[PDB]
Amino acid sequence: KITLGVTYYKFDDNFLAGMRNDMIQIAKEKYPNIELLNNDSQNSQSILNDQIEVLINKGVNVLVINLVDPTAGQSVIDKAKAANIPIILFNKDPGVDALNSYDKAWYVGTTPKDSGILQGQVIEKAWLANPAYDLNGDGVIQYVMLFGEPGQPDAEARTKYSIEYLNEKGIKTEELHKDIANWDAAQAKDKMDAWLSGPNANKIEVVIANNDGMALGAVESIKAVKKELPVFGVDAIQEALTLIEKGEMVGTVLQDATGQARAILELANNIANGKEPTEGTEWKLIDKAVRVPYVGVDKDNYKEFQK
């Protein structure tokens, strides 16, 4: 058999929970010779470090690692190298220097700039179609920004490029608030409650979140005070598609969890068997990474992605 030691920074992360289910299913359906050892790092890099050691000692064929601390890539790769076991990092990108430090390191993820641009496009379309969104009539989008995880490039890229896209198309924006909620619905709900209970809550026209999980929390907060505000996320998790169906979210951006899970399995299968990681697959490694594209989602196409 081939054994993959797979770690997830925490099990309640919505997007990664979907990917974990996908990987389990694909492995069962297509790879009878692969065994998955799944690990929950409890949002602790120290727990992850110990888990990596356990998996090394158990002699897994490939380490498949999701960083807890998004800056800890070099240390994790160093452990794999010292153990002489190949490593595929996923979802939290350790950067090129770290990947280049080990001949048996690879990465599967995305180019989050592209998701920021798509989110901007989704917002632009909805904004233009709904003049009522512009509550103060100034032509400017007064927004709040729910930022994900500091140091995880998906967060800064979605924050930067969504707004830059809008401005590039001649749509003025004004940031009323921006705060960190770490991909988490409950944290986002708390932040949104603070914003909606503030003296100037009325100024908010658009809610932008770096992921769907935080958008879910924002929606709970908005519903409680009986307001109607357009909310945008990223991932197209099923819960968000349902909110779009219900008219409680306006848009998101599909992040392809199934494709990422498939890439991890296909690359790991090759790596474990002395084959070039992309052999017999659709994937291209650019600077040792697979970058799986995103898709913009709104009321007009969300049905295509429901399961």
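From 1 onward, residues are counted along the sequence shown.
Per-stretch averaging of Cα B factors for 270 to 278 and 234 to 242 places 270 to 278 on top. 173 to 181 and 77 to 85 differ in mean CA B-factor, and the higher of the two is recorded for 77 to 85. The top Cα temperature factor in the record, among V96, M145, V122, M214, falls on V96.
Take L67, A257, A263, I26 and read off each C-alpha B-factor from the entry; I26 has the highest. The entry lists a Cα temperature factor for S44 that places it in the middle third of the chain's modelled residues. The entry lists a Cα temperature factor for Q51 that places it in the middle third of the chain's modelled residues. Per the deposited record, the Cα B-factor of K226 falls in the highest third when ranked against the other modelled residues of its chain. Per-chain ranking of the deposited C-alpha B factor places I141 in the middle third. The deposited CA B-factor of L37 belongs to the middle third of values across its chain.
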